[PDB]
C-alpha cells in the first residue's frame, strides 16, 4: 500500500483498520539503534504521534463540515531476517578500495594522532590486508563481498589473549512519508467528459451550475492544467492527464469536492474556462436549455423566461400541436406567458408544477389560454385547471388549425403592421418565422388552398409576408394577398427545403443579432420534434435573436447566412437534446464565438 490520497470521513473505515494493523508491526530484533518492540511505522495525525486506532477514529469523527486532517505513515525501514522483523541490513564491501576507505575514517575521523592507528594494503583486485602501523600485527584479509566491520570493536578473546574485529550491521533508512487526507465532505472522482463534451456542459455538468445559483460558491483547487505550450513542446516527462478540483460550499452545508481529469488537455482547459465563467457569474458562450422530454425542456425555457411569479399568463398547447404552437409565439410574447405543453388526457406534474411557479400568489388576476381543440387538450384537463382559481381558463380554438390561427390572431392587439402567411402543411418552414413574429406582434395566419374571408378581413390594409413555397401557400392565395396588401406587394421567403427556408429568414431579418438560438429541425423523428423550437421562439423574440433549425450538420445555405449575419452573436443557446456537436461547432466557428 503506497500512495497519497483523500477519503471522506464517512468512507474512512478501511484507512482506520489499515492503520490498526500497521500499528501492530514492531521490531523483534534491533541493531541499528531502534528498541525492540518499537513500532516500525511512524504514524501521525496533524503531526501528532497516534496513541492507537481509536484516537484516529475519534479525530476523524470530531471533524465538522469542511474540516480535514492528515494522517502520515512512514516506514522507518524494516525487513524480515529469519522470521523476525528487524531494523537492520547487512552491508558488504563492494570493491578493494571501499575497505581502505573505511580504515581511513577510523584512523582520522575517529582516532586522531597515533596509538591505535591501523594500516591497509591492497593485495589483489578483491583482497586488502589490515594490521597495525606500529606492531604490524593482528593481520586480517578482507575480501570484496565480506560484511562491513567496526574497527573500534576488537575481539580480544581471553583464551590466552588474541585479536579479531566485530561487524557493522547498518540501518535500513526510513522510506517515504505517505499522506492521507481525511475530509468531512462529499467527494467525486470523474472524467472531464462526464461534465462537458468539448463545447457544451452535460446534464451532470449543469447540476453544478444549478448548485452555484443555489448559494454555493464555486472555488478551484489542485489545478494541474498544462498550457498548449507544455503540450506543444513534446519534451517528454509530462503527465497524460489534466486535472483540477471543483469545490462547492455554503453556510451550514457540507461542502462537496469534484476531481476531474482527462487525456484531453484542451477539454479540461476549456471546461475550466466555462467553470470560471460559472464561478464569476459570467454568462456562458454555449448554454443548453433542455430536459429528458419536450415537457421538461418546455419548463427549462420557462425558467429562462420567468423568475417566480413573474408570468402574467399561461399558453397551453397539445404536446404534438406544432401548428397551434408555432402560431402561439406572438401570443406567448404578448401576454408574457410560457408555452407549456399538455397531454390530451392529462397534465404531467412537471408542467402543473411550472404553472404554479410562474403565476405565483396573484394567480387570481391571471389567465390560462388552452390553444387547440379537445383533440389536443381535452375538456377534462380544462376542468382540472378550473379548480386552480385563476382569473380565467379561456380556450382559443376553432374547427381546425386554419380556424385556430385566426382565433389566436384575434387575441393579439390589432395595432400590428405585419402579418405572416403559411400553409397548413408548412410547419417546418413556418417555425423559422415564429421568433420574428413573436418579436413584433405579427400574427401567423395558417391557410388552406384558398384564403378564408375572415383571414382577408384581418390582413386587409396591413403588410404581409409569405413563408413556404407555392405547394404550401398557393400562388392563388398570394394573388389575393397582394390585393389586400398595403403597398400592393408581398414577398415570399421559400427555400427548396426547411433548412434553406430557415437560412432565408435568418438572412432577411437578423443582421446584427447578438445571440443565436438552435433547435431540432424535425428531420430526426419527424415534425413533432419542432416542439422545442416552438416553446423557445418567445424566448428568442425577447432576445431579438433567430432560431437556427438543425439536427445534424448545417446546410451550406445556413452556414453562409450565419457567416454574414451573426458575426455579432456573443452567445449560442441550444434548446433540447439530440443536436449534433458538430452543428454547434460549425455555428460557433462561423460567428467567431470563441476567445
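Numbering follows the first chain given and starts at 1.
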key: Between the two ranges 462-470 and 518-526, the one averaging a larger CA B factor in the entry   = 462-470
query = Mean C-alpha B factor from the entry: is it higher for 528-536 or for 62-70?
reply = 62-70
task = Select one of 100, 321, 190, 368: the residue whose C-alpha shows the highest B-factor in the crystal structure entry.
result = 100
ask   = Whose CA atom has the top B-factor in the entry, of 120, 301, 438, 409?
value = 120
task = Place residue 26 in the lowest, middle or highest third of its chain's C-alpha B-factors, as listed in the PDB entry.
result = middle
request  = Would you please rank residue 202 by its C-alpha temperature factor against the other modelled residues of its chain and give the third it falls in: lowest, middle or highest?
outcome  = lowest
inquiry  = How does the C-alpha B factor of residue 397 compare with the rest of the chain: lowest, middle or highest third?
reply    = middle
request  = Sort the modelled residues of this chain by their C-alpha B factor and say whether residue 382 lands in the lowest, middle or highest third.
outcome  = middle
request  = Using the B-factors in the PDB entry, rank residue 390's C-alpha atom against the chain and give the third, lowest, middle or highest.
outcome  = middle
